[PDB]
DNA sequence: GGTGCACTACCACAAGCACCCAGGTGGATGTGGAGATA
RNA sequence: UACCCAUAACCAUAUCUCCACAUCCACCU
DNA sequence: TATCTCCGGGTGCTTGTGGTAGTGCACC
Ligand SMILES: [Mg+2]
Ligand SMILES: [Zn+2]
């Protein structure tokens, strides 16, 4: 009944494995083809894993619900489903120990570091091959001193085991000259032809000779040491004190000559493989090793203490986590429940099986063969061989590939799939249960535009909607009398021939207030999931509101979308309130709206709010003469002056027509008197305006979509064409000053009128619309002439190939821009209403580059090598390209295709890294007592070598908007109180003030200085959301930050972002300074030597030829200043300057590339990920732990607080802030679930299993994994529970409260 | 597949977006009630009926 | 090549069959069994990578599928993972490989189709037709260059 | 008692190795086989 | 103990079959 | 004859190893 709070992972003892399993498996017999029932005690046995049938036992006497629990008469099975076979577990009792492959093959060898054993060769060779380790006795000498844990080959080992033995057959019937106890040296002539090899004793038989490097001792009395015992010097051998042992070795007494022979082999440990390891782990005690490592770490210098602590941390982890390392290797191997590896028939009796079954079968066979072999007899080499096969079988079962590649039966060279294969990998257990790849009430279909719909609605095909809401439909039509019961209703709906109009009435009844989530497959950011109100439609496709065509990256070229149906009322409220598309109009990446008018609406609105002008061939002077009104009216009566003329002060249009109200003007427009693009005098609410009726209509549209008109008039600019930027500003202002509902209604009205006027306006693209200016012709001639000159400049030898190439590239890239400028000059001069020029001027479609390609020329074309061709493309798509030019451009086409197909992959990987490293950060908080801030600059320190200038408006907006003031500032007679959120108006005021020249840096709060333990506080975070208002407490800023970072990456340089997020060493590292001083440049030709000169020292830096520096001699230089030009290694920068400097550098450098692509991204997210990126410190002055270890900055802060003030003992735990790449920070986390789920499950799980890691369920990934409620969002404790009661019951309960005070 | 269409992948990017909002129970139902909790899904179907 | 691999398998089989064979009047039966070569040919024509389902949606689809050139294949030549260096076109594709026919997606640049006038002569050497130009006259003589 | 010599601890470079190479959807076709014994 | 005292036995609760993997070809980013 | 049984390429990382200079023991 209790709730899950922590998940503990630790090693499993052999008795733990015995306790878990129900019985043991002996037969490698899965299932016979004939007997479809489980075969034997094999991997699918019934009574070892539970019944395979549904509810009946083997017999079925005591089974019924009166007496199910009473033990069965002919049976003993408690009533249960097959789910027991899903959970009940087996085990295998290996006759020989084996080691978990993870602890012996992981890069830090846990066995190899706990013991003084070499991982790469020693551990395996003792553990697989025939090598011997031995603790107790090594004092025997082989020309080598004593042994304690030394590894020796089994050849020399087996030698020293039983002395130094040699045997020589002797011919029978020949009495050799050597007697029984004769000492023999090398060269001594044992017979007419026999010679020994070494100093020893030769034993004679009738017919054999035995040369032993042993010592013989005659005696004539009783024996003290019998045959078999191994003796140490000074111990009595025989005859009492007359004969005593002289060396280590074994005693053999032969009474035939009444002699004691003592060999030189003492009883020494002999072990192979896992058992040996077990012995070691059995005799190892952790506390003494811990103390010894402590002394061996504290005294010596850093190099040895590095490995000392590397093993001491493991030892401490074992000691403090409970589980002792004796069961670090496994004796009994668990056996997975059968249903997790079922053998399922495919067709024709053949059974498809999981490879786990094959691995278990092989292991069972090897184990049984070992048991039989050890039972019958012991051929030593054969026993060792079969031990090796058993060991390799266990290792293969645990995982395949780390040692060879055990495979399926030959002919199918597919390596088998093992446990580690199931866990890890791009598609493992983690990367499918983290995902929930399958959902019940879902559908998908092609999408078509739904322009008739409002923004808070979407069209749903009636058939798939009927299918999706099937239980709701059944209940709702059961409310009426259409069907008696649920089965009849389901059968009625089970065929579409039984449909009725009453059914569709009920379906419309069900979904009156419901919402569904529409989803697009590549979900780059938060807006890829949006709720909608379904509207039943007759058709197949999904009708989609066009305005979300950019929220999703969803065009209508055939792409599909999915739909999901939330069930609980609580989830319905969630979706309808905070996911409905009407409530999400602004980006989370910045305040820029995403519900902005799209291409076609922009085109229509630009067409309706444009002013035309043609010509003035008459005396335009009109301000002066009042006769000019009549005279110029006559001129317009003739063809002297056009209606939309360029008069001096006024056009004849404003003179001729004047309108009392906008209604009158539009009514006169309806009579074809005047076009919407003609300026005319109109008397608005209080003023006379010279505007076109189109602009007046636009203003009226805005004023009608909203309620008040004064507000609408004050929030528009009716003096310019409505380009997409103007529309975006209009939408943002309306959202700011009106709210949600009115902004949505304004967007709907804008979309509708834009569609209508785009239709009636009639903009089409004809081949003649792509006008080719004639001026470019002569330009080409000029350029050609120049090229000829440059070419002859080469033929005189004045230039190199590189010089000529660069000159040609410069010439062509200049003339291209000249031509494009000429093209737009032509367009503005001659044909203002050209569809191409109109589309380019508005934000509808196209870019100046594309227009130049259409009408001008696509000059420079890139080579596959990355450079650009010498010969450009003269022709454009208005004309016809030559075959050769088309073949040339195919290079760039293919480059673009491949770059998409690969950079998308890279960017997705980057986004995954980000979202992992940031998933823990959610704003649950009180305002943290941060007396700290960041000073956002307003001036670029260096655009020229020495110059200061104000930063661009975009950068200042993206750095300051939505931030919280660190401290009060007054700049222009305005008191910006401390703690006031900076709106757009405040930022614009600050920019204007800096332009006047009053302040240069703004102190603001930031996540980079937030003191909240996990997450950031509301103040330190800021103000930007989908809304404008300050952030609600409890919403995941980390995930949205990561998504905002990653979303533009697909549409992008990027490797620079990679090497900045992942702290790396750039190849083009720039030389930097670390100490204050002066610059002494020496121009030595070998290598330019720059000296940072100080009072007591001088640092010398050598600069090669390519080292293009950027400082002048004698300049003062500080720490962290980049002396040369190039990228800066963040690590040495942190070593030199400090944390804040490197954080600022990272933020600015990351923002640089994003700006270079034109992407507008706020800096809150980069700051968040940077803060998570360097939340780690490595302690230098020890406290109660080792020194050269790095972990959480917050934890060390708490520990220092406890040590110094909370507890007695002023031990300063002096650390250094450590910067590591995003990957390492993501991996090394306190929680092991996320780390295991992220990159490498093997190493992470091994580390978390060495020491019991009680994973606390903080961070969203863990709660998703376990499936429990997310801490963020609605799960935040600040709003997790909120008692709700009506006013009348409130009065009842409060009346109970006042009477609770009795009398 | 052959018998029934099957569900739709909800992946992780969709999960990331769903938890990017304040949606908490939505993700819980869509990971357990509608996908995996056998007892949960049977009980939910019976209750909604 | 697949036929000769199967043939070598059959050769090893008949070598063994002779090895334990005693007498000699056993030429047809006790020497050659059709299982290896037949199985090898069947496997090549059924489960190979390059023997793929025909795309008979329309006659043009079938023709293009029949005259499509693939870079990947048996596996030791090129695979799907890493090919970014060779996906791009070459200056020699002019007149031999269509620089536009490649299918968008993962198999971009790897899979292509030869030009219309292309012709493999005897060994995978695409020859482009060219008209001989002698002095200032273009002769009807048409000659195929590698 | 101080420098020539030898030495040993430390850094830059080269080699071996584990691990990357995005998300979802539809469709199609393929699967213990040869020898030996009964 | 036999009147009390001595009693323990027989039937009705359901989401599943296969879909695995490999190879190949396409579609949408 | 039918069934049962043998037949990487690229990056970062880590580690290592020879090198190289500070400093410990012998000629000045
Ligand atoms: Mg599309
Ligand atoms: Zn804070």
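A short reminder: the numbers here are calculations on the coordinates, not readings from a lab. All Cβ positions, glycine included, derive from the backbone under ideal geometry; neighbour counts span all protein chains shown.
Compute the long axis of helix C:2-20 from its Cα atoms, compare it with the longest principal axis of the Cα atoms of chain C, and write down the angle in degrees, 0 to 90, nearest 10. The helix C:2-20 is inclined about 20 degrees to chain C. Computed from Cα positions, the angle between helix B:38-48 and the longest principal axis of chain B comes to roughly 80 degrees. Peptide A:1253-1260 shows a mean partner chain C-beta count of 1 within 10 Å per residue C-beta. The fraction of Cα-Cα pairs per 5 angstrom bin, counted from 0 for the stretch C:18-143, comes to 2, 8, 12, 14, 14, 12, 8, 7, 6, 6, 5, 4, 2, 1, 0, 0 percent, rounded to whole percents.
Mind giving me the FRET efficiency for residue A:1258 and residue A:1278? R0 is 22 Å, r the Cβ-Cβ distance, nearest 0.05 is fine.
Working from the Cβ atoms, E equals 0.90.
With neighbours defined as other Cβ atoms within 10 Å of a residue's Cβ, the residues A:735, C:84, A:532 order from fewest to most as C:84, A:735, A:532. DSSP assigns beta bridges within the protein assembly as shown; of those with both partners inside it, close to 90 percent run antiparallel.
Packing-based ranking of A:553-563, A:1145-1155 yields A:1145-1155, A:553-563, ordered from highest to lowest mean Cβ neighbour count within 10 Å. Across chain A, Cα-Cα pairs more than 65 Å apart make up 33 percent of the total. Scaled against 2.2 N^0.38 Å for its residue count N, the alpha carbon radius of gyration of chain B is 1.32. For the Cα trace of the stretch A:1212-1296, dividing Rg by the Kirkwood Rh returns an Rg/Rh value of 1.27.
Which order do the peptides A:960-966, A:1041-1047 take when ranked by the mean count of other beta-carbon atoms within 10 Å per residue, highest first? Present the calculation step by step, with values, prior to reporting the outcome.
Details: A:960-966: 23.4, A:1041-1047: 25.3.
The peptides rank, most packed first, as A:1041-1047, A:960-966.
Measuring nothing but how far apart in sequence close Cα pairs (under 8 Å, 6+ apart) lie, relative to its length, the stretch A:478-632 scores a relative contact order of 19 percent. Per-residue shielding of A:571-584, expressed as the average number of other chain Cβ atoms within 10 Å of the residue Cβ, stands at 3. List the relative contact order of the stretch A:29-68 as a percent without decimals, with contacts defined as Cα pairs under 8 Å and 6+ residues apart. Relative contact order, the stretch A:29-68: 23 percent. Rounded to the nearest whole angstrom, the semi-axes of the ellipsoid equivalent to the stretch A:238-298, taken from the Cα gyration tensor as √(5λ), stand at 42, 17, 8, largest first.
Working ranking of peptides A:594-602, A:878-886, A:1021-1029 by packing, defined as the average number of other Cβ atoms within 10 Å per residue, highest first, is A:594-602, A:1021-1029, A:878-886. Pairwise Cα distances in the stretch A:546-612 exceed 15 Å in 68 percent of cases. Debye-formula intensities of the stretch A:440-501, expressed as log10 I(q)/I(0) at q = 0.21, 0.25 Å⁻¹, are -0.91, -1.08 (one equal scatterer per alpha-carbon, no solvent).
By the count of neighbouring beta-carbon atoms within 10 Å, fewest first, A:130, A:818 end up ordered A:818, A:130.
Distance from the alpha carbon centroid of the stretch C:53-84 to that of the stretch A:298-339 works out to 53 angstrom.
Note that the stretch A:929-970 shows a convex hull volume over its alpha carbon atoms of 102 Å³ per residue.
When shorter helices are ignored and each DSSP H run of at least 4 residues is given -39500 (n - 2.57), the per-residue value for the protein assembly as shown at 222 nm works out to -11000 deg cm²/dmol.
Here the alpha carbons of the stretch A:10-79 define both size measures, Rg and Dmax, at 15.2, 44 Å. Residue by residue along A:428-441, Cβ atoms of other protein chains within 10 Å of the local Cβ number 5 on average. Once C-alpha pairs closer than 8 Å and six or more residues apart are averaged by separation and normalised to the residue number of the stretch A:1-96, the relative contact order reads 27 percent. Compared with the dominant Cα axis of chain C, that is its longest principal axis, helix C:35-47 is turned about 30°.
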